[PDB]
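One structure is given below, encoded as structure tokens.
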Amino acid sequence: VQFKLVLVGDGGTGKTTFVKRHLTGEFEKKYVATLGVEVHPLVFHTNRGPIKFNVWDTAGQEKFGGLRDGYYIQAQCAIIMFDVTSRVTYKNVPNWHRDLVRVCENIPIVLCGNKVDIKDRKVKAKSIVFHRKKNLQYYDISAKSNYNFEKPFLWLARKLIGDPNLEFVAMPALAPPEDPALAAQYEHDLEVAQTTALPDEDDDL
Amino acid sequence: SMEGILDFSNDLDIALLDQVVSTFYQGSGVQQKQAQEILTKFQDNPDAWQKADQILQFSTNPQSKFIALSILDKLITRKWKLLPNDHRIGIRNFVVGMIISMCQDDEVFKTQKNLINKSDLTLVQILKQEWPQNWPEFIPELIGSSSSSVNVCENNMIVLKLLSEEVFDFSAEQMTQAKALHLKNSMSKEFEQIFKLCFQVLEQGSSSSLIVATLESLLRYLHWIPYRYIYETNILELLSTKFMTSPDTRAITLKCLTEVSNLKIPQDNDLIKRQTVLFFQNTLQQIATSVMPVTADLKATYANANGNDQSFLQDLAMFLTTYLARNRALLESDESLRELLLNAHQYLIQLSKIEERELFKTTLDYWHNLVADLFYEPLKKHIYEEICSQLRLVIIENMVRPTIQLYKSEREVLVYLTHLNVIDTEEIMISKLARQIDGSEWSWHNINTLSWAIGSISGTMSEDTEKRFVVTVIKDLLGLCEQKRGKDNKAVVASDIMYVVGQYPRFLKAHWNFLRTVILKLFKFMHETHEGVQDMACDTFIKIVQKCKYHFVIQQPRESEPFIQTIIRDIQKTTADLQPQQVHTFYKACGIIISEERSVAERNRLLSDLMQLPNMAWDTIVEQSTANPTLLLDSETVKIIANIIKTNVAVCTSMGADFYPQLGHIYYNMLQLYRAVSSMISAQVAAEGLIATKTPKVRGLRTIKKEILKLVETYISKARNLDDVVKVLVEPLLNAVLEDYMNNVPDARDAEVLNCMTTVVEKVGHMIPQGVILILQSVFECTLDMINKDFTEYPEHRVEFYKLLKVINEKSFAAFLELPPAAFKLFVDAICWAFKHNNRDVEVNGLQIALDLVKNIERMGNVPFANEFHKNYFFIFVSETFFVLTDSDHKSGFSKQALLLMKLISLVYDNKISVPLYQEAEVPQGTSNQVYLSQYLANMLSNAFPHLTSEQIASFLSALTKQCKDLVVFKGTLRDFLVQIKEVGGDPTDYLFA
Amino acid sequence: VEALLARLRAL
Amino acid sequence: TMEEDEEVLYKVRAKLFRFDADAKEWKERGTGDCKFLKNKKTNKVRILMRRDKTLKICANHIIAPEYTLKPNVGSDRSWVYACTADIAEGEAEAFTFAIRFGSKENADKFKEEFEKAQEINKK
Ligand SMILES: Nc1nc2c(ncn2[C@@H]2O[C@H](COP(=O)(O)OP(=O)(O)NP(=O)(O)O)[C@@H](O)[C@H]2O)c(=O)[nH]1
Ligand SMILES: [Mg+2]
């Protein structure tokens, strides 16, 4: 039971960072532009069983667009992403939506305004109304602070499964298991790690 | 093996193409990733379009045919006009022919909707190039073939839908103004025949798939077609009755009727008024009889999420709110229309109970529109009394924590509803309060929601009624707290009690003994260990103080001293259990009160008493830490010092100009402390390396420096005596921070220094020209070298740098005149460097500095520095501005780029540049800069965009310079240029549009 | 009004 | 969830990092509650940590007595220690872990409980 999810939006809006956070828990601070598309399987554990998303993380920059709307064929759900600190990324949301629903005429779509962690927000909440007539679900999100970072997949899971009461549940925790020829090896890696400062030491956690 | 199709010298192996395509779509892992890079490279082949006719006819994979049409699409939209003519007619009949063949095979027409729609969009791209000047019979032949087959007729509706979108909905960004208008007029000139086909299909039935596709196209027509097509036919009757009954057409029909409610209609014809009432009455009738009655529980329906119920209820809310916001007056006077009006609003009431944030905001905007109207419009509110009564309950029960934007919208409507009937509002709130007491609705969330609602309507009731209401609410809330047992319950009720009282300052101001009891209870709460209680007591304390500060500074009747003195006397006992940041809020609150005292000697005395504890800890540490500076190694001392400074920041934040006496008490020793801390940071980086800047020890030390800079910034930004700032503060400050910044390694420089200097230049820059020069010398070159190697490193230094240059360019431009010519050249390089940033903060300032710099140079008149500036940097600024305008990577700054470019071109066509922009030999003598500007621009654009014709470049520049006194038209011409550079063969006459 | 104070303090 | 047969000895909020030695870079693995779970029918104590919202496991390993908690250069509220068998993402892998807390107090309390659990696990 796996579903194809296309992720579209202007370059730099955080699509790749948002997926990475869900894949590994990491926050990628660097902007390495996606070239064409990257496919990533993403599994969530629900009270209705596991649900698998084949996330097609497409490229936002035009010079790296690749197959463009070719990536959308047979998509079963989608996330349109923009940057609340960049008005132009919201101005382009109708363009991405147009290209998307011309190929996928009847799929659940989430509209995401990313980077709400930044104080100087440029796209005010009362200005975000495009989702209304297009029946898209909207969420303020931040891949940096994890604000609502689970909501887009929770909503899509409920739509794709047909159960408004579907919930994320805890994966079962197996008991964990219990060499001198690798002592000097682990001591080398550990000494480099102690002298590499942990990132974001000013955060609350 | 997979990379064979990239070889075009051979024949294309179609079967090998589908293998790469299938491995991409249905594959996974490394093989899918490899096929992906192959397909991208195949599609990006500039000769891939040649092999599109083979793929499209002999391939059996629809994804491959789809990819082929994408290759065609890129060819049609970018290089169509470069092709030999026979290729263009050869692409056209190929696409027209395939679409006909796909429509005739019912199996393909049923199974390959994606490929057919992709073919239709590709056809529309051809129409945008060829129609109607090279295809005047398209619309007639389309109407002809429609009656032949239902399948091709349905597909014709898809083609017309896409055509209407490309011409009217998405043309603004994608084609020139002339090209857009040409197509709009062409569609407008032949719509009569198009609407005739559309109306016939709608009225004759009977294929759902054909009817829906026709309604889908009608939705697009309503964006632009004249209203006569809607009101002078029978189409409103069909939409509001026939097509609302069947669920297949109901969704699209409801969207059409929403758009009909936005048609530009005449407001004085009574027949159009009746037609507007009539389709609303039919639509509401069909919903009541075919979907659900007005009493239905829409909240439960939406939560069940069956089929398309959520989309329908969303669309119904949009239809109702849209129509009623424009036309509800048509229903308010006729007695026969009263039930229709109230049933419409009763549906909206039911929609407003749905648990869906974004839907609630949509209905809340309409309620705001309504109750605002009932508040001002005569004789209106009595109509909606039962609607408004239910609304009060809906809003009270969905009150959110004060998105704060949603709370402010809820508060605004509830305030209106309280004005419209004060008595009903109080009754609902007390009733809900009783349901909290009897336990039937008791909940942590429910008691907070009610308190927020009760708090939101403050200032709308009369003071007498508010007095009795507040007392009643506090009474019930008090009894609710005593009834509960356990900490957690008693903590939640106690906070809500404190929230409500903080929301009613008018009540507090008139009942001192009550106000004092509240404050003393808050003080008592500052010793409670329970989580959140202390934050609640501090937040409420300063909130009450902001609104009631005058009652803390006067000597109240029955009292021997102003209550401010009583707070100060016991401040150590009160805050002894508080976290440092909670202590700073407390001190800031006291600073608010003290500033109300306008007797200078009394204010300074209160300020001295308030700062007694931090001043004594300060005097001690300055004594001990100076003999000898080893105590600053202790992280405990570093933390204590930061807290003392932060306390000064908190008090200075609320007292501003009044803080000056306290600043003078610590100023010299603080700057001395700044130097001592700076030495240890430097010593630490020398002894341990750059990694030392990440250590807690050094981060603690830099915290002291940053808080000192923030304190000085905070005062200077609010100071009223600038003479004291210039002659007492500025000189020791610069000596403390400038050299230390310049001579530290980059990783140890505090960006806060740049920020602090920005404030200094902003307030008193005009009074310290030698100081501004000193700031530039110490921070300009060394900070520029930190930020001119990439757009990534040192982000804060980057933003503050350009904020600092901007204010220097505004307030002390003389400082740049003194720069050595090599340094002024770096200044120009830095400005253009800011152009190329995608970072909005840097980009906006870079363009603003450029604009302000040009103005500064212009004000100098005909003077050797002004002329040398134009000789050296005019064409640098013109060409660098053109680069970011045209590179598709700085679209966020288009408006500022255009303004700067327009100013640059206007200087030449106003003859404001006295010197020659050219060399004496490069161009004949007596040539105007205007003639030379056109040459330089023509040659620049010819080399930057070699695919343009010389005629295009000449027409664009002729229009651009001609329009340099009209920003809106100037920008339109730039947008037309940005479209034409994306293709070959742009019409040069397009630039005559204005 | 004055009857609230005792209960307010006793929270 | 396969946690009912265990007992909660210690529970603290924390952020967990894995060290990418090939990139000279720390990378977050998850933020949420870190728990010390004492199995009732083996008396062994393990680290079990789940991410908030998604509840996905980002740390699952026994508090081995071999492991040693060491400070990080840029933090007074974190510990770095090598792990040789963590099964959070499947097959037992080895990591150099870093875990950060809200305060120096919770970091010192963690190290206390971490060592008490080390003593329980060598009996
Ligand atoms: N502050 C903040 N920055 C974020 C957030 N999400 C992403 N970013 C930053 O935004 C930048 C762009 O990241 P990326 O995910 O590559 O964007 P993208 O949309 O995938 N780019 P492209 O479309 O070109 O592939 C990165 O530097 C990343 O750190 C967020 O929630 N907050
Ligand atoms: Mg990316």
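The chains referred to below are lettered A, B, ... by the order of the sequence lines, with proteins before strands, and numbering in each begins at 1. Remember, it's 1-based here, ligands and their atoms both numbered in the order they're listed.
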Inset, instruction - With the Mg ion (ligand 2) as the centre, enumerate protein N/O/S atoms below 2.8 Å in chain and residue order. - result: A:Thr16 OG1, A:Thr34 OG1

Legend entry - Exercise: do B:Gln32 and B:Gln26 side chains pair donor with acceptor under 3.5 Å: no

Inset, instruction - Check the surroundings of atom NZ in B:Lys694: do more than 12 heavy atoms from other residues, nucleotides or ligands lie under 6.0 Å from it? - result: no

Inset, instruction - Identify the residue among A:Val39, A:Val37, A:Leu35 that makes a side chain to side chain contact (heavy atoms under 4.5 Å, CB included) with B:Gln36. - result: A:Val37

Inset, instruction - Can you pull out the closest protein heavy atom to atom 25 (O) of ligand 1? Residue, atom name and distance to 0.1 Å, please. - result: A:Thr34 OG1, 2.8 Å

Inset, instruction - Please answer whether the main-chain N or O of B:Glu358 pairs with a side-chain N or O of B:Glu356 as donor and acceptor at a distance below 3.5 Å. - result: no

Legend entry - Residues, nucleotides or ligands: over 12 heavy atoms within 6.0 Å of B:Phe883 CZ: no

Legend entry - Pair A:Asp10, A:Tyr90: side-chain N/O donor-acceptor within cut-off below 3.5 Å: no

Legend entry - Atom indices of ligand 1 within 4.0 angstrom of A:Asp10 heavy atoms, with elements: 19 (O), 23 (O)

Inset, instruction - Please could you name the atoms of ligand 1 that A:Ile118 approaches to less than 4.0 Å, counting only its heavy atoms? - result: 1 (N)

Legend entry - Check: D:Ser75/A:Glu201 side-chain N/O donor and acceptor closer than 3.5 Å: yes

Legend entry - N/O donor-acceptor pair under 3.5 Å between D:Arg51 side chain and D:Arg29 backbone: yes

Legend entry - Per-atom contacts of ligand 1 with A:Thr16, taking only distances under 4.0 Å to non-hydrogen atoms: 15 (O), 16 (O), 20 (O), 25 (O)

Legend entry - Donor-acceptor side-chain pairing of A:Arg21 and A:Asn146 below 3.5 angstrom: yes

Legend entry - Protein heavy-atom partner closest to atom 4 (C) of ligand 1 - residue, atom, separation in Å: A:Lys115 CE, 3.7 Å

Inset, instruction - Supply the atom-to-atom distance A:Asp83 CG to A:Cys112 SG, rounded to the nearest 0.5 angstrom. - result: 12.5 Å

Legend entry - Close-contact set for ligand 1 against A:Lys29 heavy atoms, below 4.0 Å: 26 (C), 27 (O), 29 (O)

Inset, instruction - Mark up the atoms of ligand 1 that fall under 4.0 Å of a heavy atom belonging to A:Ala143, in ascending order. - result: 6 (N), 30 (C), 31 (O)

Legend entry - Residue, atom name and distance, where the atom is the protein heavy atom closest to atom 17 (O) of ligand 1: A:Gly14 N, 3.1 Å

Legend entry - atom 6 (N) of ligand 1: the protein heavy-atom neighbour that sits closest, reported with distance to 0.1 Å: A:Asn114 ND2, 3.1 Å

Inset, instruction - Tell me, please, whether A:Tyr138 has A:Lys151 positioned over its six-membered ring: NZ or CZ under 6.0 Å from the ring centre and within 45 degrees of its axis? - result: no

Inset, instruction - Check for a donor-acceptor pair, side chain of D:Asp20 on one end and backbone N or O of D:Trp26 on the other, with a separation under 3.5 Å. - result: no

Inset, instruction - Give the residue and atom name of whichever protein heavy atom lies nearest to atom 23 (O) of ligand 1, and the separation in Å to one decimal. - result: A:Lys15 NZ, 2.4 Å

Inset, instruction - Would you kindly specify which portion of A:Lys20 sits under 4.0 Å from ligand 1, judged on non-hydrogen atoms: side chain, backbone, both or neither? - result: neither

Inset, instruction - Could you tell me whether some N/O pair between A:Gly60 and ligand 1 is separated by less than 3.5 angstrom? - result: yes

Inset, instruction - Answer with side chain, backbone, both or neither: which part of A:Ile141 has a heavy atom less than 4.0 angstrom from an atom of ligand 1? - result: neither

Inset, instruction - Indicate, as side chain, backbone, both or neither, the part of A:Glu28 found under 4.0 angstrom from ligand 1 when only non-hydrogen atoms are considered. - result: backbone

Legend entry - Enumerated ligand 1 atoms positioned under 4.0 Å from heavy atoms of A:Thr13: 17 (O), 19 (O)

Inset, instruction - Considering only NZ, NE, NH1 and NH2 on the basic side and carboxylate oxygens on the acidic side, decide whether B:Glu843 and B:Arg840 come within less than 4.0 Å. - result: yes

Inset, instruction - Using a strict 4.0 Å threshold on nitrogen-to-oxygen distance, state whether D:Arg100 and A:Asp204 make a salt bridge. - result: no

Inset, instruction - Would you check if there is a donor-acceptor pair between the side chains of D:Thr31 and D:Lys15 at a distance under 3.5 Å? - result: yes

Legend entry - Protein residue, atom and distance nearest to atom 16 (O) of ligand 1, heavy-atom basis: A:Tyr31 CD1, 3.3 Å

Legend entry - Within reach of ligand 1, part of A:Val116 (heavy-atom separation under 4.0 Å): neither

Inset, instruction - Please determine, by modelled atom types, if B:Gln405 and B:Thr403 share a side-chain donor-acceptor pair under 3.5 angstrom. - result: no

Legend entry - Protein heavy atom at shortest distance from atom 21 (N) of ligand 1: A:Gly12 N, 3.0 Å

Inset, instruction - Report yes or no: does a heavy atom of A:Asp57 sit under 4.0 Å from some atom of ligand 1? - result: no

Inset, instruction - Could you list the atoms of ligand 1 found under 4.0 angstrom from a heavy atom of A:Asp117? - result: 1 (N), 2 (C), 30 (C), 31 (O), 32 (N)

Legend entry - Ligand-side contact atoms (ligand 1) for residue partner A:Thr17, heavy atom cut-off under 4.0 Å: 7 (C), 13 (O), 14 (P), 15 (O), 28 (C)

